[PDB]
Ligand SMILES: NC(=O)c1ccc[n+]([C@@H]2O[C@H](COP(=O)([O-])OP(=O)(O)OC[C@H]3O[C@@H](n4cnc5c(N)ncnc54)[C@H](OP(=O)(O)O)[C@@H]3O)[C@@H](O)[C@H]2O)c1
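Next comes just one chain, in structure tokens: the form solved without the named molecule.
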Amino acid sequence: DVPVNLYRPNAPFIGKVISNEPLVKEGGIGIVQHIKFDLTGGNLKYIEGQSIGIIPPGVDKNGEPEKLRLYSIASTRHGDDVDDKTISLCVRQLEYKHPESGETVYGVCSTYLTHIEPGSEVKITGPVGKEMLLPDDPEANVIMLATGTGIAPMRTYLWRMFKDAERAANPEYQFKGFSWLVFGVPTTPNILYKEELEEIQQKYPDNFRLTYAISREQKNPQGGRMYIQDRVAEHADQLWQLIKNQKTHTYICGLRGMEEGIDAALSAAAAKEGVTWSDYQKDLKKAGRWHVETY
């Protein structure tokens, strides 16, 4: 049932950019773009929580053709316009140090994508991934722990759950469980999809909780910048109590480095009831209820 590898890098789907729109507001750190691609003319189908590959143009420093980079699909299966014709990505421009004055390095594929024009043709592969799939059970609980562009799979879940047009398009999935997004970004301008996440919470105050960790605007109890692991620690007992439910699924997505703190917080919660979290978590992973995609 799950679509996988309908296109492969030896013969990718050539899609066209429909739109490329900024998600970081003025005063935010960095560049994150919402990029929508036209899928008409091919048969690329996908579901929520999957990824696609993008093959950037050009050669690397060794004169070899650039390989695909993976990006989490940011739209539901129907695409943003609920027409089954498009796919969207949430792409941050990678840029970093190499310790010289002004000398910034820009990532190949992410710079290509964040600056791409509508009408441009792009090499797309996939979809891939079966580790971040959403349960069909409408009564499932869904905990979402995201930093930065790790919001992307979370958006596909929340849009399927809560967008009016999605609910109209998916008679079989009328979500009535509880979902909780804890979302970590450096600033309020950097809150990707802020308006829509908050509109969802206002519509569905009993089915959706939104928690932010904004590092440059908030401090944890120890005086440090507020990160997602601090919010998990702050709510560790509630999160553990939700996780004990047989129908609760947890999803963790974003750049690597978040998991150690999340585990330490949940380990302290579970230990209060004589449970060793690492063991409970192993069984949760085996059961398909602990989902991680960090990069």
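Quick note: we count residues from 1 along the sequence shown, nothing fancier.
We do not show the form deposited with the named molecule bound, though everything after this point is about it.
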Using the site C-alpha superposition to carry the named molecule over in the deposited bound form, what's the verdict for this chain: open, or blocked with 3+ ligand atoms inside 2.4 Å of backbone or C-beta?
blocked
Candidate stretches 224 to 232, 40 to 48, 264 to 272, 237 to 245, one within 4.5 Å of the named molecule in the deposited bound form by heavy atom:
224 to 232
Of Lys163, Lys123, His78, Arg92, which residue is found within 4.5 angstroms of the named molecule in the deposited bound form when only non-hydrogen atoms are counted?
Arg92
Contact with the named molecule in the deposited bound form for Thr156, defined as at least one heavy atom pair within 4.5 Å: yes or no?
no
My question is simply whether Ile87 lines the interface with the named molecule in the deposited bound form - judged by any non-hydrogen atom within 4.5 Å.
no
Would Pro135 count as touching the named molecule in the deposited bound form under a 4.5 Å heavy atom rule?
no
Flag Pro65 as yes or no: does it have a non-hydrogen atom within 4.5 angstroms of any non-hydrogen atom of the named molecule in the deposited bound form?
no
Going through 135 to 168, which residues have a heavy atom within 4.5 Å of the named molecule in the deposited bound form? Please give them in sequence order.
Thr147, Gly148, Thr149, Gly150
